[PDB]
Amino acid sequence: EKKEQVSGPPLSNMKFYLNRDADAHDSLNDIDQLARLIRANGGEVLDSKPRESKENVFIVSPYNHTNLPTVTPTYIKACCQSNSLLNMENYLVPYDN
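Residues numbered from 1 in each chain as written, not as in the entry; some residues may be left out. Heavy atoms only, no water.

- Method-wise, the PDB entry is recorded as coming from solution NMR.

Next up, the structure:
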């Protein structure tokens, strides 16, 4: 692995930031800064930290299909620094629950 990002467009894909409502997790307003980098790449990310339980609050990662599950916000630090050589770190919420 020498070439940095080759398969598919390196920028502009799909992102979504919507915290559930646990009153805490990792980041809320700070992610707006770490995501500002990937937000200006060409994709789309809405840094919003709500607190309403309507099964409609989740955070989707770049190139991540199915908006049903959820991933960690720190994913950016691993997606921007590691590119995509650490999928095990998706630390996404299972499909069952």
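Read on for the rest.
1. Examining the overall build of the protein
Okay, step 1: A count of helical and extended segments in the protein gives two helices and two strands.
Okay, step 2: Secondary structure of the protein in N-to-C order comes out as β-α-β-α.
Okay, step 3: When its C-alpha atoms are laid out on the principal axes, the protein stretches across 45 × 30 × 20 Å.
Okay, step 4: Expressed as a percentage of its 97 residues, the buried residues of the protein come to 28%.
Okay, step 5: Restricting the contact set of the protein to residue pairs at least 6 apart, pairs at least 24 apart contribute 62%. (Helix = DSSP H or I, 4+ residues; strand = E, 2+ residues; numbered from the N terminus. Buried < 20%, exposed > 50% of the residue type's maximum accessible area, 1.4 Å probe, protein only. Contact = heavy atoms within 4.5 Å.)

2. Some remarks on the nonpolar core
Note that soluble globular proteins tend to have their nonpolar side chains buried in a common cluster.
Okay, step 1: In terms of nonpolar packing, the biggest core is built from eight residues, these being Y17, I31, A35, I38, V45, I59, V71 and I76.
Okay, step 2: The dominant element in this core, judged by the number of residues it contributes, is helix α1 (residues 31-39), at three residues.
Okay, step 3: If we skip the residues at most four places from it in the chain, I59 touches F16, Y17, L18, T70, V71, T72 and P73.
Okay, step 4: Counting five residues, the second-largest nonpolar core is a separate cluster that includes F16, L18, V57 and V60. (Core = buried A, V, L, I, M, F, W, Y, C linked by side-chain atoms within 4.5 Å.)

3. Regarding the packing of aromatic side chains
Okay, step 1: By the definition in use, this model includes one aromatic pair.
Okay, step 2: Between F16 and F58, the ring centres sit 5.4 Å apart and the planes meet at 75°, which makes this aromatic pair edge-to-face. Residue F16 is found in the segment before β1 (17-18), and its partner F58 is found in the loop between β2 (47-48) and α2 (75-81); the two are separated by 42 residues along the sequence. The two residues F16 and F58 agree in class, both being buried. (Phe/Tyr/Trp six-rings, centres within 6.5 Å; stacked < 30°, edge-to-face > 60°.)

4. Brief notes about the pattern of salt bridges
Okay, step 1: Going through the model one piece at a time under the given rule, you end up with one salt bridge.
Okay, step 2: Among the ionic pairs, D23 bridges to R51, the shortest N-O distance being 3.0 Å. Of this pair, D23 sits in the loop between β1 and α1 while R51 sits in the loop between β2 and α2, placing them 28 residues apart in sequence. Taken individually, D23 and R51 each receive the classification exposed, so the pair is uniform in this respect. (Salt bridge = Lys/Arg side-chain N within 4 Å of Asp/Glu carboxyl O.)

5. A look at α1
Okay, step 1: Turning to α1, its buried residues number three or more, namely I31, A35 and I38. Viewed along the axis of α1, the buried residues span an arc of 40°, placing them on a single side of the element. Turned more than 90 degrees away from the buried face of α1 sit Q33, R36 and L37, all of them exposed.
Okay, step 2: Against the buried residues of α1 lie β1, β2 and α2. (Arc of directions from axis to C-beta.)

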